[PDB]
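No lab work stands behind these numbers, since they all come straight from the coordinates. Heads up, the Cβs are rebuilt from the backbone with ideal geometry, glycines too, and the neighbour counts pull from every protein chain shown.
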Amino acid sequence: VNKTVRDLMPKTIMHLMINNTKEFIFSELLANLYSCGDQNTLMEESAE
Amino acid sequence: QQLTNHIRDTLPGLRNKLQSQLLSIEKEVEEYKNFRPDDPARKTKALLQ
């Protein structure tokens, strides 16, 4: 039993928590940011 | 009535296939339902992607 738990836990997390996050960053993050209103305020440059 | 009562306890299989197809389309048709011939925001984000 111990071997199986040690084996499946890493694999579970990579599938559900890390790879779903990478796919989010590459595929959707751009659309989520653009879809916010007032892109002018969103992209104001620092005074510096 | 005899035919209707013959497909019961079979429908679950049809429901799973119909639900599976809807899941692979629904993620895409959201753009189509609100499609407009004039949408500079839709065009801009499509360009960036």
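Each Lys and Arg Cβ is given +1 and each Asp and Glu Cβ -1; about its Cα centre, chain A then shows a dipole of about 720 debye. Distance between the C-alpha centers of the range A:16-42 and chain B? Whole Å please. Here the answer is 23 Å between Cα centres. The calculated FRET efficiency for residue A:13 paired with residue B:47, based on their beta-carbon distance and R0 = 30 Å, is about 0.25. A quarter of the convex hull surface defined by the alpha-carbon atoms of chain B gives 5.4 nm² as the mean projection.
Per residue of chain B, the DSSP helices (runs of n ≥ 4 H) give a summed -39500 (n - 2.57) that works out to -21500 deg cm²/dmol at 222 nm.
Per the Cα gyration tensor, the protein assembly as shown maps to an equivalent ellipsoid with semi-axes of 41, 30, 9 Å, ordered largest to smallest. Entry note, chain A: the mean residue ellipticity at 222 nm calculated from DSSP H runs of n ≥ 4, each adding -39500 (n - 2.57), is -17000 deg cm²/dmol after division by the residues and rounding to the nearest 500. Any chance you could give the angle, 0 to 90 degrees and rounded to 10, that helix B:11-33 forms with the longest Cα principal axis of chain B? Computed tilt is about 10 degrees. Would you mind checking the pairs A:11/B:27; A:11/B:17; A:22/B:33; A:11/B:43 and listing those with alpha carbons more than 32 angstrom apart? Pairs exceeding 32 Å: A:11/B:43. Please compute, over every Cα-Cα pair in chain A, the percentage with a separation greater than 15 angstrom. The answer is 66 percent, as a whole percent.
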